[PDB]
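From first to last, the protein sequence lines stand for chains C, D, A and B.
Here the first sequence is numbered in PDB author numbering, starting from 19 and rising by one per residue.
Here the second sequence is numbered in PDB author numbering, starting from 25 and rising by one per residue.
Here the third sequence is numbered in PDB author numbering, starting from 19 and rising by one per residue.
Here the fourth sequence is numbered in PDB author numbering, starting from 22 and rising by one per residue.
Here is the structure we will look at.
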Amino acid sequence: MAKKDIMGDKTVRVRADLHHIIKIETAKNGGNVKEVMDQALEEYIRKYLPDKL
Amino acid sequence: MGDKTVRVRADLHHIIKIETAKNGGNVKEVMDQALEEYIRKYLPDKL
Amino acid sequence: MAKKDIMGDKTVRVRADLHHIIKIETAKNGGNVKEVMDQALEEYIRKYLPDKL
Amino acid sequence: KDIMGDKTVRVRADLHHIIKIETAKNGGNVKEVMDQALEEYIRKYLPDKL
DNA sequence: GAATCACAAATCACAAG
DNA sequence: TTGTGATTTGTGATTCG
DNA sequence: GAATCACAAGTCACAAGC
DNA sequence: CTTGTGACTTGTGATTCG
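Have a look at this one:
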């Protein structure tokens, strides 16, 4: 989407313990943290702020 | 433990600013929740 | 250290399974791949090539 | 077989140089050495994993 | 995983045998 | 005609990254 | 095939304002 | 203080070079 396609990334804070779990996971299996964050965040929005996306 | 930093898609971060400005809250709250709800949904094992 | 504070990085390619071990260990117990590369290589040069340090 | 793929990593510049000169001088390449140093690290500190 | 060294074996070539 | 030297070409081993 | 590059992910440490 | 963020570091697939 235009706004996704074109805009950049933006730094955000997160609970370390939650973060760490994800980092361990990705180190083991595939992927990377941002990837999961972006999904986690998207799924939040689609559920709690459906119209905004 | 405390906080870690993550870069996320600016178009989503945008949506969250607007909302937390308009109704209550802050960006960190949403992340913390979003991640916990994700981790529960897909990696519940990790207790 | 002055020399060491402005010291840059070269990139090198290592066996994947070795990398994967480090990826996992660091993600669990802190540190990062580069940190480990540096220590590993210094200890090796110190071991077999002490002149060059 | 022990065919195995690779992964790019960073190393401090001066150290890489010391290898690049020694291997240039008396044969070998950096990749070999850089692997050997890594394997030996892993045996020192993470032998279980090896 | 191509380029360039280095060296062996075809290709030629004029002259003598 | 055919043996010697000069000459070019194919190719396996080797360098550079 | 080793070596290097450049663009993405990840972290840091000052900035804003609670 | 806690939270927000741009500058900087680290990570690594893509690309070069021969």
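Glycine is no exception: its CB is placed at the ideal position from the N, C-alpha and C atoms.
- Look at the segment 41 to 66 of chain A: the residues with a C-beta under 8 Å from a C-beta of chain C are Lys41, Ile42, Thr44, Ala45, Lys46.
- Within chain A, the residues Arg31, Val32, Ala34, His37 have their CB atoms less than 7 Å from the CB of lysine 28(B), given in chain order.
- The shortest CA-to-CA distance from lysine 41(A) to any of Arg31(A), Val30(A), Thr29(A), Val54(A) is the one to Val54(A).
- Interface flag for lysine 22(B) against chain A is unset, since no Cβ pair is found closer than 8 Å.
- Contact check for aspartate 69(A) and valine 32(B): beta-carbon distance about 19 Å, past the 8 Å limit, so the pair fails to qualify.
- Here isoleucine 63(B) is buried, its C-beta having at least 16 other C-beta atoms within 10 Å.
- A distance below 8 Å separates the beta carbons of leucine 59(A) and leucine 36(B).
- Chain B places no beta carbon closer than 8 Å to that of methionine 19(A), leaving this residue out of the contacts.
- In the DSSP assignment, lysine 41(B) falls within the unbroken alpha helix (DSSP H) covering 34 to 47.
- Looking at the DSSP output, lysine 28(B) bridges to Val32(A).
- For the set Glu61(B), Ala34(B), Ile39(B), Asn47(B), the Cα lying nearest the Cα of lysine 22(A) is the one of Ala34(B).
- Secondary structure at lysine 52(C): helix, using DSSP grouped into helix, strand and coil.
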